[PDB]
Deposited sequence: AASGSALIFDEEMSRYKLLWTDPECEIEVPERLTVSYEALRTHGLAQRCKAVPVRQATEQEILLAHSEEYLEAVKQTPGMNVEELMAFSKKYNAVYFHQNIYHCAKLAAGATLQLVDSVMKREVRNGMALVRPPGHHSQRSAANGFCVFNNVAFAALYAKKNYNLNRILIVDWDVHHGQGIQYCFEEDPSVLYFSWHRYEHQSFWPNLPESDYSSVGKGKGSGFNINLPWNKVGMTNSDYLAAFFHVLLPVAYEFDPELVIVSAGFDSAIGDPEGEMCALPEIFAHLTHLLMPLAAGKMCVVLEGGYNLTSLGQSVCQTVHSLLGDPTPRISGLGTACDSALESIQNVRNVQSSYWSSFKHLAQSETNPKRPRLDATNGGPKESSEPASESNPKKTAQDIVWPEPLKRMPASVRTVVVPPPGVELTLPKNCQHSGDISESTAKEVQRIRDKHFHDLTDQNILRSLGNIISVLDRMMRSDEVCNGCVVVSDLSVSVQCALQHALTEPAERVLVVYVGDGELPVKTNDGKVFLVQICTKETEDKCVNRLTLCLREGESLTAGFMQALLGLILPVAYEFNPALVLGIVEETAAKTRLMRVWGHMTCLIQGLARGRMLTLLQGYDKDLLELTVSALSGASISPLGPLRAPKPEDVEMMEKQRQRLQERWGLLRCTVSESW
């Protein structure tokens, strides 16, 4: 399978700039490109990437999204002097031209097609193109908003034509609306376009009615355009993650795209003079990670905007870090989205209820400036540590490894004489392994996560949890697939327990989330809704120091454990410990693969979730959203 991350870049795209006074355009500078590449270099990230060279887009490739009359017109700008270039620029809105911009636009476009080819030929897992000019505002017959040609529109059309893809997702997390992309695929259901953008009730450029949440596409494309307008500035990490958990990801996983292309503008990060939002560069590490389980990880990131030269480099680094599979930074201080964001989320969910499974219940009323620096994200020396039953030899990826100390031995003796009596030296060995892997995870920073097969749950769980809390792990998220009770106290706020089980239990405290899913062909789509809309919002708000996965011997959800294992590594710097009760080489091989950063195989189509399951999930939201506001996807009613 594929490996590596492409970084397509070329200094030549910094060799055009604005040649006259124009405050509308003067933020779009060559240094945007040189600052981001140097930031990747400083942090050792450009060196870890497969460099792929740029090429020019050909004429036939430009004509996939643009008219001959507009190409012929742009093709004449290399011969223009400055007076003629200003006059040509004024025929369009918020855009300037340069003797060399036609040359660089073909390079930005060709660079994008290079990244599609490398990803679709499996020569790399994923990648990023650092390009100028941006593309997402550019239209069939017009330059607009610093954009000459629509790089990301090309990528989607090119990938349709030359790889016969039927389902491509475009995520535009730039702070501006990519109307050029919207127009190009408005009637196209094979390309799903999601955009969030500063809108402020249409007072913010480009001041377009069709950038509102009510633009869902046209004709056969109805439902495949999703606009999320931001109507106030100052949106934070919590707003962005609310948008992902309750709008984008539910549609994205149900759509099941065969390729993901990000219009990656970082004018949506704190410090940017255009966006005026407050999301930290670290959020982009997670926006990236949250989408990587789609399309077997085949993600093409294309640079759009981002104009604060400091926020810019930091955010490019967080994105590539995640593309390379480095551990995600912990996001603290998360909570409810602001009211304007909940209103926008509310509205787009309701208008899209006609078209998408996760929102379908919302339709029938039987249901209804300075900031701190990002800390270093080092890949752990060996990512994953596996402890199969003694004697069971397995073939592991290059970043996995098998397992005891003298200190670990005395600790197990100490634990045994105090709390457990217990003589089985096999159980006593799992306890010795649990301690040692945790010590390597929590203290060394040389190991990231791990999986240990165990015999008895009640002793190994209790031992793993208690030992983790003194590592110290201020907070532990526990995810348990199984029935019955675990030696897990959720009374003091140090521990949150997610329990996927079969028998509907009593809702206890607000530190438990219990999901009893009706068995059948529904279990997979039901589980993925709960994961994106319930498990991840709480977990992200809880911000644990360690994740403890636990699976009972009692297969039925072999198909979703990989996605959860992948997505839950957004928490706790990827530090997860999975206890598997009983040997099952299929589940253990899947756990290790996802844990080690391997590409996750797609889910494909699934029977829509059962109404009883959706009803069960919304009862959990109502019960928990007052404590865990990141669960909110409506505005709260005031007293």
## Note on the structure
Compared with the full deposited sequence, the modelled chain skips 369 to 399, 435 to 436, 454, 589 to 591
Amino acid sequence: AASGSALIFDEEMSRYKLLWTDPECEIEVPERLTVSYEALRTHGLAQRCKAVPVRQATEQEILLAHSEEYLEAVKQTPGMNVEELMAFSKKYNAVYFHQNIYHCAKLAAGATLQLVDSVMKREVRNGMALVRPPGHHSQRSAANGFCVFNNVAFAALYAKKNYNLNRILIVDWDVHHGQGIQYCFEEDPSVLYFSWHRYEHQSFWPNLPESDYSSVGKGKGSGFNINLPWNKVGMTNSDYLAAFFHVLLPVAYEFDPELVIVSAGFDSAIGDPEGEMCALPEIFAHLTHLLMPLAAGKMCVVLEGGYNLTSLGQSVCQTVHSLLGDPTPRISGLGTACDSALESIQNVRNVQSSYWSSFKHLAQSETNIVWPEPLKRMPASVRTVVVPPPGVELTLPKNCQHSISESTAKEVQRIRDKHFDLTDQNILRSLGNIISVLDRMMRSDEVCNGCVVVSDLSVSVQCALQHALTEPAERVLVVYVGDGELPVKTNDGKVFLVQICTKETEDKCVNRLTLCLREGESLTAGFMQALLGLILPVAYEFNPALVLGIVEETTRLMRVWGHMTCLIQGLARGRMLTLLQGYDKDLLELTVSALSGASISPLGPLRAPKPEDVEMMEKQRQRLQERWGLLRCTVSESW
From here on, numbers count along this sequence of modelled residues.
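The term rigid core refers to the maximal set of C-alpha atoms that superpose within 1.5 Å between the two forms.
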### Farther-lying stretch by C-alpha RMS in 5 other deposited structures of this protein (rigid core fit) among 559 to 567, 281 to 289
559 to 567
### Task
Consider 84 to 92 and 356 to 364 separately and indicate which one has Cα atoms farther, on average, from the shown form in 5 other deposited structures of this protein after rigid core alignment.
356 to 364
### Message
Taking the other PDB entries of this protein that cover both neighbours, check whether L606 lacks coordinates in at least a third of them.
### Response
yes
### Task
Select between 462 to 470 and 140 to 148 the stretch whose C-alpha atoms have the higher average B-factor in the entry.
462 to 470
### Task
Using only the Cα atoms and their B-factors as the entry lists them, report which of 445 to 453 and 182 to 190 averages higher.
445 to 453
### Task
Among the candidates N126, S405, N100, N93, give the one with the maximum CA B-factor reported in the record.
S405
### Task
Choose from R349, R559, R167, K232 the residue with the greatest Cα B-factor as stated in the PDB record.
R559
### Summary
Entry-reported C-alpha B-factor of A39 relative to its chain, by third, is lowest
## Note on the structure
Chain-relative C-alpha B factor for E411 (record values, thirds): the highest
### Query
Comparing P209 with the other modelled residues of its chain, is its CA B-factor in the lowest, middle or highest third?
lowest
### Task
Looking at the entry's B-factor column for C-alpha atoms only, identify whether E72 ranks in the lowest, middle or highest third of its chain.
lowest
## Note on the structure
Binned into thirds over the chain's modelled residues, the C-alpha B-factor of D239 lands in the lowest
